[PDB]
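Notes follow the structure.
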There are 2 protein chains.
Amino acid sequence: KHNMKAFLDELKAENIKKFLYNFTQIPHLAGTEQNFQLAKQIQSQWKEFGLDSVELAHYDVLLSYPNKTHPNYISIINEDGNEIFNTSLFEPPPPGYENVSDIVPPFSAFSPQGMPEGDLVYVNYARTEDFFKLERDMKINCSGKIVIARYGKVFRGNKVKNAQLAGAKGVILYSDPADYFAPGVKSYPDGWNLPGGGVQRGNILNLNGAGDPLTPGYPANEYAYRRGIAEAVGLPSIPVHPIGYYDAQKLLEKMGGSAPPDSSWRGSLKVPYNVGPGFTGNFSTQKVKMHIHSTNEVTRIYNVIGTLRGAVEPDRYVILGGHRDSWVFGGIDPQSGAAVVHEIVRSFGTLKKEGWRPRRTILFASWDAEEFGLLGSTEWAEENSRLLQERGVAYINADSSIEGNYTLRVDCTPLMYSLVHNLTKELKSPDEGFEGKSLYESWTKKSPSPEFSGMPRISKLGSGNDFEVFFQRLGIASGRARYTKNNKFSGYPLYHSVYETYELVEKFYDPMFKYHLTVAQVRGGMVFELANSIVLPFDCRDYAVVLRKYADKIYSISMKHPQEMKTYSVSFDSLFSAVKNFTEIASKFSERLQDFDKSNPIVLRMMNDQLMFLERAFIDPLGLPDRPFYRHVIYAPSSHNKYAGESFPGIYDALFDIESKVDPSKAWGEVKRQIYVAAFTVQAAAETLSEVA
Amino acid sequence: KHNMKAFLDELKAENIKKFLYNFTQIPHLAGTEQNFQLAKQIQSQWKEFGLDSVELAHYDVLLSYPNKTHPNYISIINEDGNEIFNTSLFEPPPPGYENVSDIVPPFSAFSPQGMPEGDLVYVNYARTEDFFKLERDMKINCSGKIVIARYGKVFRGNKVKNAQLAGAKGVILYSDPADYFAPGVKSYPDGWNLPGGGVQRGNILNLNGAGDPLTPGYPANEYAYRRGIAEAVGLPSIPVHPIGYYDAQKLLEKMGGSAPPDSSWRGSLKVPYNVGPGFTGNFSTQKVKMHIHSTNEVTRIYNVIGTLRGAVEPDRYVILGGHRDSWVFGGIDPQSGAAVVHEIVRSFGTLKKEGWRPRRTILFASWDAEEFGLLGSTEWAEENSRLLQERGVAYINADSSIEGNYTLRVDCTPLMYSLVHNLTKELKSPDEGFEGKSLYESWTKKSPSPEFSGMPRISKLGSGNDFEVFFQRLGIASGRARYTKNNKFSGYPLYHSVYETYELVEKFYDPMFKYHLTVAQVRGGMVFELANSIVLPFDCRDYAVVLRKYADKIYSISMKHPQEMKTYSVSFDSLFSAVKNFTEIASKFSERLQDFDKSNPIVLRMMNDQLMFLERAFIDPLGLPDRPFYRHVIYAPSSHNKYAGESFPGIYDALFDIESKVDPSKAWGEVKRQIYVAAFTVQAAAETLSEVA
Ligand SMILES: *[C@@H]1O[C@H](CO)[C@@H](O[C@@H]2O[C@H](CO)[C@@H](O[C@@H]3O[C@H](CO[C@H]4O[C@H](CO)[C@@H](O)[C@H](O)[C@@H]4O)[C@@H](O)[C@H](O[C@H]4O[C@H](CO)[C@@H](O)[C@H](O)[C@@H]4O)[C@@H]3O)[C@H](O)[C@H]2NC(C)=O)[C@H](O)[C@H]1NC(C)=O
Ligand SMILES: *[C@@H]1O[C@H](CO)[C@@H](O[C@@H]2O[C@H](CO)[C@@H](O[C@@H]3O[C@H](CO[C@H]4O[C@H](CO)[C@@H](O)[C@H](O)[C@@H]4O)[C@@H](O)[C@H](O[C@H]4O[C@H](CO)[C@@H](O)[C@H](O)[C@@H]4O)[C@@H]3O)[C@H](O)[C@H]2NC(C)=O)[C@H](O)[C@H]1NC(C)=O
Ligand SMILES: *[C@@H]1O[C@H](CO)[C@@H](O[C@@H]2O[C@H](CO)[C@@H](O[C@@H]3O[C@H](CO)[C@@H](O)[C@H](O)[C@@H]3O)[C@H](O)[C@H]2NC(C)=O)[C@H](O)[C@H]1NC(C)=O
Ligand SMILES: *[C@@H]1O[C@H](CO)[C@@H](O[C@@H]2O[C@H](CO)[C@@H](O[C@@H]3O[C@H](CO)[C@@H](O)[C@H](O)[C@@H]3O)[C@H](O)[C@H]2NC(C)=O)[C@H](O)[C@H]1NC(C)=O
Ligand SMILES: *[C@@H]1O[C@H](CO)[C@@H](O[C@@H]2O[C@H](CO)[C@@H](O)[C@H](O)[C@H]2NC(C)=O)[C@H](O)[C@H]1NC(C)=O
Ligand SMILES: *[C@@H]1O[C@H](CO)[C@@H](O[C@@H]2O[C@H](CO)[C@@H](O)[C@H](O)[C@H]2NC(C)=O)[C@H](O)[C@H]1NC(C)=O
Ligand SMILES: *[C@@H]1O[C@H](CO)[C@@H](O[C@@H]2O[C@H](CO)[C@@H](O)[C@H](O)[C@H]2NC(C)=O)[C@H](O)[C@H]1NC(C)=O
Ligand SMILES: *[C@@H]1O[C@H](CO)[C@@H](O[C@@H]2O[C@H](CO)[C@@H](O)[C@H](O)[C@H]2NC(C)=O)[C@H](O)[C@H]1NC(C)=O
Ligand SMILES: CC(C)C[C@H](NC(=O)O[C@@H](CCC(=O)O)C(=O)O)C(=O)O
Ligand SMILES: CC(C)C[C@H](NC(=O)O[C@@H](CCC(=O)O)C(=O)O)C(=O)O
Ligand SMILES: *[C@@H]1O[C@H](CO)[C@@H](O)[C@H](O)[C@H]1NC(C)=O
Ligand SMILES: *[C@@H]1O[C@H](CO)[C@@H](O)[C@H](O)[C@H]1NC(C)=O
Ligand SMILES: *[C@@H]1O[C@H](CO)[C@@H](O)[C@H](O)[C@H]1NC(C)=O
Ligand SMILES: *[C@@H]1O[C@H](CO)[C@@H](O)[C@H](O)[C@H]1NC(C)=O
Ligand SMILES: *[C@@H]1O[C@H](CO)[C@@H](O)[C@H](O)[C@H]1NC(C)=O
Ligand SMILES: *[C@@H]1O[C@H](CO)[C@@H](O)[C@H](O)[C@H]1NC(C)=O
Ligand SMILES: [Ca+2]
Ligand SMILES: [Ca+2]
Ligand SMILES: [Cl-]
Ligand SMILES: [Cl-]
Ligand SMILES: [Zn+2]
Ligand SMILES: [Zn+2]
Ligand SMILES: [Zn+2]
Ligand SMILES: [Zn+2]
């Protein structure tokens, strides 16, 4: 028969392996011919595999590339203006790829051009708290300095924003072996560690959900009216460039001024990690000079969109999407995910050829330009937002299937928690020592929930991937799953480097493609249940549980300031009341969902619609303050780290560093305003689960 | 049996008459005890009539009232500062009401307090073009002047905004007999004309859809965080007061300075209509002084919400709403509408008691504080916006049932045009000379469509009533219908005066209550069809027809400026393309709607959902420029007259007075931006009617 087991058994490790090999032989950088040819290949194969329709959806968006005949580099310059040290113009290519053309050299996408020259300040990870320590405690002024920051802990766009607000005139990003060289493992090609010549590429925008910097709110189609560059969203104002740790050692070794304030500021290089500004006595007249000549240009990108029409509810969409563009070869990011999607489409297509169709429509997407700011998924969602917000059941992301080989990682809406627990109990663990045990069992053992005994950890969705528009803007229930290591936000060692290849995966991460297969079963199994369960597989009671946890957490932050809460009459009573009501109404809804007359398709659908629009109810059409495309009131990407999720973000940001605000009455008024908005939204979401009339 | 005919035949003229008498014996001003008692009466009666549930929904909103012990008035003051003429402190009460307490004296709701003293300028109707004529052609400067403006043509809030932007320090509004005294009819109590002591009350806010000035975006519930008054939405900055034409004659008779520029500036009083500034030679040292002491205060209001649960689709809402608060007795506005609603509820309830239920849920609303800015409907819709945008089929308004006795007036979405034509062909005309003929026949004869032979005129929805939040903010298909006269925006002569009483209606407008009954049959019949037709009674092809008409119209405005359209490459091609596509897709959708398998309730509902969400597709979640609560891209209230609808309002406002903008490149860029937004929205709406997968 045609059930989930049939679907799951058709998935093959050996197919994922062949697809990964096929997708990682040449670079597939967004906006290049190679990436368009791969799009056309995917489209053809998905048609072959049996999808009803497979189309390319193209957009013309702002991208950024280095100048081929005027390379980016950094120097140490002496008082004469002689360049006595230059950083490398490219990463040494890996074995057997030394003749591959069109490897893009390391650069920070969307950097402006410039040639700033100045004294260095070392700013650790360039986090908000690192700049607080520099400016408040150590009294070091970054104005007119070039800052040097180690990659890790937070999204690099936030480091750049923070440097810019500190008055920096340039930023140098580098990979410290503390964060990108695991002890006892060899550098690529002999192991999975970053070599000293390796460099992490990546964009440095602060889009806050906007998509193409030139067309916020609307798709970048053929007749789009663009903003001028000066009004574009999210572009940095200062030049930025990334380097490897051989080059970083040269720049750091001469640094003078103040000592590091403590050991959390020192990486693993043989240097003092002095904060500066500038170099020690002998070299105090030498400066650092950046040379950045990258250009921003409007460039066509292509999404592949495949449809498998639903037999019963064709107007309800379950979406499996992940990106196809890569920085270089994309051996992990994204092709380990894209190969998994390809095999999922192939398996669904096999069932379709035997006469089966899912209950609801499944949409499959191969997104472009994820690396330049989630541009392909965001522009497509802008184009199709009316269809998605009335018809979108769920979005499952499918970027990198592995970032380690230790255990499963899931980040998703609470509405999916039950679905994920149930599915993982039915899947086999691929882990050594758990032969014949469930994935749920191995995952819960290796990654226990901090709250609940006998449960696995499931994280909040943050951002930095293509689910952002669906979840944070549109309020469609979203999830993601991958295999992971034992700081999650820094990336694995060869992240966004030329060394992330097929061989990296086949030799060091997953030689038997068993972790890829397990990830295909989790993502595919989610999609299968979402598109085929009679009653949507969402449990509203799980949202009630987390809302109480988030309410407790935000109340606790505010309670650091008891005198102000008394003075300005700051009460969380309304939020706790709303959460109590949501808990009560959700419990009654769950009873009706179990009890309702199961022969009545209208009651079922009213109730499926209530389930589908529950995530939608958390959207505030006015958005969060100064972030109009982050509309979800429960979750937003952290204002300090795009990758991390923050709960009750409007109240969290109103409280953050509040003791430093010059007008406390106004600052606490805005806290109260955010409490009202949160309480109201929670109550309004609860009421969507009440009896409808 | 229980069909529409059963519903319609139960409606009785004599019941509407009794209800109107019952609702108009005492004032029902928003926020007063009397209006709360009437709310409680309605709630009790609707329960009696048989509704499933009838609740009050209350909010605490900003209202405005005169100071009882410090009355508002205007003087002419001589050079000594003696007040030589004072305007009246109240309207002479009508016969037999001279002992009614709590008649609010004439005032302009939300005026600030002040005592400005200065020279008068007469500004005709204080329209945008009247101020253009004064300032551009006649070179008269209104800065620091008190302006005097006749009521009529545009909403009074726009007159005040225009006066304020001209630098006026106060505004005096008055009713000219040209606009409020029909030739050959007697003044109240002997006919329906305004007496010289009569005065039109009314608010002067510019809310642009926001609702309560203190809580834009969110309901004014018990825990709401309010804006301070200085940040409130839409409050006027200068004092304003209305007067009758006996008093206006005193203020106008002495005016000097320039002559009126032409006869369209002269009303019917025996005065020159000089524009000023100031008085003629002999009186040139006399000034005009206002004394305004009204106060704004947060006050509780109450909506009554009645539910009649649907038998098949209880999660689909058809809403019949109209307001209950009045300025004084509300003989026409709103109780001629509220009596009609009451009789509709009674008729539906009779069918319900015999075992019938509508297919979809019908919600009935008695809104509060409409007169103070659509506050009750808007706050309730803010509270329930998630329910309404996923479940709202249609909204039928029910304010004044009559504003004349000549013919029917309908303003509605194009989606309702077919429904209205079909229903009116089945109703009897109440008109003299059309005995035994259809309402469609009398209406089409008396009010022919300017475009199509053998069709009646149906207007755009503008605003100035409680459908604004449902249509302009939420995108729920909306309509309104009333009996009317042969300028629609000025109001009938006794509008918002103490003279609008039961006797006015019973003696002069509708002695047999036959026009009330016809209006009950149109509004009730609409609600019946919307809540009971298997397939929703919306025809998308009618939207296609009007979109082409609006595209032609906006193109024609732009084509006044051919040189600029060449210079800045301003093309309407994308908008015409979108409209052509909408026309094609709508035609194919209509074929499927006729042809689809009528035994399949899922296809029916997919298709009912496509019909319901079509109006919703015209909403842009980013709103129009500086008007975030006007989100519909096809229709918005005119920026120059809240009562009037404007089509493609984003492009219309970008083009308006464009030849006066100092930076034409920037002005024409914004035209192009609005063309893109309009073309995209039309295409996106079209695509919601495509096959879903
Ligand atoms: C969690 O869910 C509960 C429902 O179980 C909600 O409880 C409501 O809470 C509000 C605000 O606290 C209550 O509001 C109060 O309403 C009183 C009148 O209520 C009656 O009439 C209404 C119709 O208008 C009916 O809906 C209702 O059933 C009652 O019959 C007012 O008199 C109250 O105002 C007075 O007291 C306050 C506070 O002291 C003063 O500020 C006022 O000036 C005034 O004197 C008040 O507005 C409401 O009755 C409750 N509904 C119930 C029990 O059904 C919670 O609101 C909800 N939590 C959230 C966050 O939404
Ligand atoms: C009204 O409805 C029609 C559909 O009937 C829409 O027509 C589309 O119009 C757009 C814009 O004019 C066309 O866009 C063009 O697409 C070409 C590629 O199209 C093929 O591949 C795509 C997948 O990517 C398929 O969807 C499609 O079926 C085709 O097989 C591009 O090559 C074009 O770009 C080139 O020309 C332009 C203009 O000269 C240059 O600016 C570019 O640099 C480039 O050289 C172009 O983008 C699209 O093909 C049409 N779709 C069709 C016919 O199905 C209208 O857009 C719609 N009106 C509105 C307002 O939406
Ligand atoms: C994940 O799996 C669990 C365990 O199977 C699912 O919960 C179970 O769901 C079924 C079907 O709704 C429940 O059965 C019902 O029991 C009541 C009697 O208590 C009866 O009235 C109903 O007719 C029906 O038989 C079962 O109680 C429930 N078990 C629990 C909550 O422990 C859960 O739904 C799954 N999650 C999904 C699909 O998202
Ligand atoms: C207003 O009334 C008109 C006139 O009755 C309605 O249009 C008519 O609608 C019916 C039912 O959809 C159409 O009948 C169909 O005819 C085709 C053959 O042409 C057949 O395939 C179908 O099975 C069905 O019998 C009829 O053609 C149509 N007449 C027109 C358009 O002139 C209209 O729907 C009403 N508007 C509403 C309810 O909003
Ligand atoms: C990746 O796999 C695809 C599909 O098998 C290969 O593309 C095919 O190549 C053959 C031989 O050149 C052609 O006859 C077909 O037209 C291609 N099919 C397509 C594009 O759908 C592709 O060559 C493989 N790439 C690598 C690097 O191995
Ligand atoms: C670093 O690179 C720069 C730029 O290529 C080198 O300086 C140039 O050297 C050439 C040839 O010797 C001169 O003609 C140019 O005038 C120099 N350009 C600039 C901008 O200074 C420099 O030699 C390199 N330094 C090291 C240590 O390799
Ligand atoms: C308007 O009609 C209502 C309903 O008939 C009247 O209210 C009733 O009055 C009687 C006699 O005083 C009471 O016994 C009932 O309790 C009332 N019913 C209600 C409030 O539902 C009301 O008196 C009428 N008003 C006028 C001005 O005629
Ligand atoms: C218009 O009204 C004002 C205010 O009531 C009158 O002026 C007042 O007259 C009283 C009693 O005669 C004096 O004590 C006050 O000093 C006056 N107040 C002000 C503000 O001037 C005035 O008489 C009235 N004018 C007419 C023509 O009736
Ligand atoms: C490795 C993690 C931390 C980040 C990784 N995402 C990612 O690399 O996306 C890109 C683009 C993300 C964005 O612009 O929001 C980036 O972070 O440079 C992921 O989600 O797998
Ligand atoms: C008589 C028409 C022009 C206006 C009338 N509406 C009306 O009186 O509403 C009030 C409040 C309208 C508002 O504040 O938007 C007013 O115009 O002062 C109606 O729609 O029947
Ligand atoms: C890149 O640099 C070259 C040579 O230095 C120059 O001629 C050209 O203007 C630049 N290209 C772009 C795309 O800016
Ligand atoms: C830092 O340096 C700049 C430039 O010299 C100066 O304008 C600014 O006031 C300084 N800021 C602090 C906080 O010391
Ligand atoms: C794969 O698994 C082994 C066993 O724990 C581990 O030591 C090795 O480092 C893993 N590879 C990666 C890339 O994590
Ligand atoms: C109204 O005026 C009276 C008497 O002139 C004054 O005592 C009171 O302050 C005012 N009332 C309000 C509500 O402002
Ligand atoms: C009108 O009068 C004011 C005040 O005297 C003055 O500031 C302003 O410039 C004048 N405006 C015009 C357009 O003449
Ligand atoms: C009622 O109808 C008659 C007949 O045309 C008309 O002359 C009279 O003025 C009407 N009343 C009103 C209030 O329009
Ligand atoms: Ca865009
Ligand atoms: Ca509000
Ligand atoms: Cl992912
Ligand atoms: Cl109306
Ligand atoms: Zn990726
Ligand atoms: Zn990446
Ligand atoms: Zn009214
Ligand atoms: Zn009114």
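Computed from the coordinates by the stated procedures, all read-outs in this text should not be read as laboratory data. Positions of Cβ are generated from backbone atoms using ideal geometry, with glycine treated the same way; all protein chains shown enter the neighbour counts.
Compute the FRET efficiency between B:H70 and A:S569 as 1/(1 + (r/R0)^6), taking r as their Cβ-Cβ distance and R0 = 30 Å, and round to the nearest 0.05.
Details: r = 32 Å, r/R0 = 1.08.
The value I calculate is 0.40.
Tell me, what is the FRET efficiency for A:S258 and A:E79 to the nearest 0.05, using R0 = 22 angstrom and their Cβ-Cβ distance as r? Write down the numbers at each step before the final one.
On the way: r = 23 Å, r/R0 = 1.07.
FRET efficiency, A:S258 to A:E79: 0.40.
Counting only residues 5 or more places away or on other chains, whose amide H sits under 5 Å from the amide H of B:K428 once H atoms are built in the peptide plane?
Residues meeting the criterion, in which the H sits 1.01 Å from N, are B:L439.
If one computes the Cα centroid of region A:642-693 and of region A:23-90, what distance in Å separates the two points?
40 Å
Which three numbers, in whole Å and largest first, are the semi-axes of the equivalent ellipsoid of region B:67-292 derived from its Cα gyration tensor as √(5λ)? Intermediate results must be reported in sequence, preceding the final value.
On the way: eigenvalues 157, 109, 67 Å².
For region B:67-292, the semi-axes come out at 28, 23, 18 Å.
Provide the FRET efficiency to the nearest 0.05 for the A:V535-B:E297 pair, computing r from the beta carbons and using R0 = 41 Å. All intermediate terms of the calculation are to be shown ahead of the outcome.
Details: r = 50 Å, r/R0 = 1.22.
About 0.25, to the nearest 0.05.
Expressed as a whole number of Å, what is the distance separating the alpha-carbon centroids of region A:341-407 and region B:111-144?
So the separation of the two Cα centres works out to 61 Å.
Note down the magnitude of the dipole of region B:538-693 about its Cα centre, charges +1 on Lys and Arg C-beta and -1 on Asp and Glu C-beta and zero elsewhere, to the nearest 20 debye.
Working: 19 positive and 21 negative charges, 30 e Å.
Using Cβ point charges on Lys, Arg, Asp and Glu, region B:538-693 gives about 140 debye.
Only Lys, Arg, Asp and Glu count, each charged at its Cβ (+1, +1, -1, -1), so figure out the dipole size of chain A about its Cα centre, rounded to 20 debye. Walk me through the intermediate numbers first.
Numbers: 76 positive and 80 negative charges, 196 e Å.
Dipole of chain A, to the nearest 20 debye: 940 debye.
Quick one: label points 7 angstrom along Cα→Cβ at A:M559, distances to the other copies in nm, smallest first?
7.0
Compute the distance in nm between two label points, each set 7 Å from the Cα along the Cα-to-Cβ direction, one at A:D626 and one at B:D552.
Using points 7 Å along Cα→Cβ, the separation is 4.9 nm.
So, with +1 on the Cβ of K and R and -1 on the Cβ of D and E, and no other charges, what is the size of the charge dipole of the protein assembly as shown about its Cα centre, to the nearest 20 debye? Intermediate values should be presented prior to the final figure.
Numbers: 152 positive and 160 negative charges, 163 e Å.
So the magnitude is around 780 debye.
Rounded, prolate or oblate: which fits region A:346-392 when a ≥ b ≥ c are the square roots of the eigenvalues of the alpha-carbon gyration tensor, with rounded for a/c under 1.5 and prolate only if a/b beats b/c?
Values: a/c = 5.08, a/b = 1.69, b/c = 3.00.
Because a/c hits 1.5 or more and a/b fails to exceed b/c, region A:346-392 counts as oblate.
With a ≥ b ≥ c taken as the square roots of the eigenvalues of the C-alpha gyration tensor of the protein assembly as shown, please select rounded if a/c is under 1.5 and otherwise prolate if a/b is larger than b/c or oblate if it is not? It would help to have the intermediate numbers written out before the result.
Working: a/c = 2.15, a/b = 1.58, b/c = 1.36.
It comes out prolate by the Cα gyration axes.
Which is farthest toward the positive dipole end of chain B among B:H323, B:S453, B:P334, measuring Cα position about the Cα centre, with Cβ charges +1 (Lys, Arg) and -1 (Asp, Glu)?
B:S453
For A:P112, place a label point 7 Å out from Cα along the Cα→Cβ vector, do the same in each other copy, and report the separations in nm, one decimal, smallest first.
4.0
Taking the number of other C-beta atoms within 10 Å as the exposure measure, put A:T69, B:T688 in order starting with the fewest.
On the way: A:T69 6, B:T688 22.
Fewest to most other Cβ atoms nearby, the residues stand as A:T69, B:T688.
Charges on Cβ only, +1 for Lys and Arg, -1 for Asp and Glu, centred on the Cα centroid of region B:538-693; of B:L655, B:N600, B:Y555, which one is farthest towards the dipole's positive end?
Final value for the positive-end residue is B:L655.
Take every Cα pair under 8 Å in region B:492-632 that's 6+ residues apart, average their separations, divide by the length, and report that relative contact order as a whole percent. Present the calculation step by step, with values, prior to reporting the outcome.
Numbers: 59 pairs, mean separation 26.3, N = 141.
Answer for region B:492-632 is 19 percent.
Over all directions, average the projected area of the Cα convex hull of chain B and note it in nm². Provide the component values of the computation, followed by the final result.
Values: hull surface 123.2 nm².
Result: 30.8 nm².
So for the protein assembly as shown, taking the charge dipole from beta-carbon charges (+1 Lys/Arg, -1 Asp/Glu), which of A:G244, B:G436, B:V469 sits furthest toward the positive end?
Towards the positive end, the residue furthest out is B:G436.
Find how much the distance from A:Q25 to A:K445 grows on full extension, using 0.36 nm per residue of separation minus their present alpha carbon separation; answer in nm with one decimal.
Details: separation 420, 0.36 × 420 = 151.20 nm, distance 3.73 nm.
Extra length from A:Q25 to A:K445 when fully extended: 147.5 nm.
Just from its helices, what would the mean residue ellipticity at 222 nm be for chain A, if runs of 4 or more DSSP H residues each count -39500 (n - 2.57) and the sum is divided by every residue, rounded to the nearest 500 deg cm²/dmol?
Details: 19 runs with 229 residues, N = 693.
Counting only the DSSP helices, I get -10500 deg cm²/dmol.
How large is the Kirkwood hydrodynamic radius of region B:637-679, counting all unique pairs of alpha carbons, in Å?
Details: mean 1/r = 0.0918 Å⁻¹.
When all Cα pairs of region B:637-679 are included, the Kirkwood radius is 10.9 Å.
Would you kindly work out, in nm and rounded to one decimal, the distances from the label point of A:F489 to those of the same position in each other copy, ordered shortest first, with label points 7 Å along Cα-to-Cβ?
5.4
Give me A:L308, A:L611 ranked fewest to most by other Cβ atoms within 10 Å of their Cβ, as a rough exposure proxy.
Details: A:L308 26, A:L611 22.
Fewest-to-most ranking of A:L308, A:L611: A:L611, A:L308.
Could you tell me what fraction of 2.2 N^0.38 Å the Cα radius of gyration of region B:20-112 comes to, as a two-decimal ratio? Please list the in-between numbers first.
Details: Rg = 19.1 Å, N = 93, 2.2 N^0.38 = 12.3 Å.
Here the answer is 1.55, to two decimals.
How shielded is B:661-672 by partner chains, expressed as the average number of their Cβ atoms within 10 Å of its Cβ atoms?
Working: counts 0, 0, 0, 0, 0, 0, 0, 0, 4, 1, 1, 2.
Partner Cβ neighbours, averaged per residue: 1.
Could you list B:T583, B:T215 so that the one with the fewest beta carbons within 10 Å of its beta carbon is first and the one with the most is last?
By the 10 Å Cβ count, ascending: B:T583, B:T215.
I need the shape label for region A:186-282. Rule: rounded when a/c is under 1.5, else prolate if a/b > b/c, else oblate, with a, b, c from the alpha carbon gyration tensor.
Working: a/c = 3.33, a/b = 1.90, b/c = 1.75.
Because a/c hits 1.5 or more and a/b exceeds b/c, region A:186-282 counts as prolate.
How far is the Cα center of region B:288-308 from the Cα center of region A:509-556, in Å?
When both Cα centres are located, 50 Å separates them.
If you build the Cα gyration tensor of region A:538-693 and take the root of 5 times each eigenvalue, what three semi-axes come out, in whole angstrom, biggest first? Each step should come with its number before you reach the end.
Values: eigenvalues 222, 51, 29 Å².
Computed over region A:538-693, the values are 33, 16, 12 Å.
Work through the residues other than B:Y302 whose Cβ is under 12 Å from its Cβ and net out their charges, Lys, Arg +1 and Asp, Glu -1.
Values: positive: B:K40, B:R300, B:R324; negative: B:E33, B:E55, B:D60, B:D325, B:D368, B:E379.
That works out to -3.
Which Cβ of chain A lies nearest the axis of the rotation superposing A onto B, and at what whole-Å distance?
Axis relating chain A to chain B; nearest Cβ residue and distance: A:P621, 3.
Tell me the label-point distance for the pair A:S577, A:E354, using the 7 Å Cα-to-Cβ offset, in nm and rounded to one decimal.
5.6 nm
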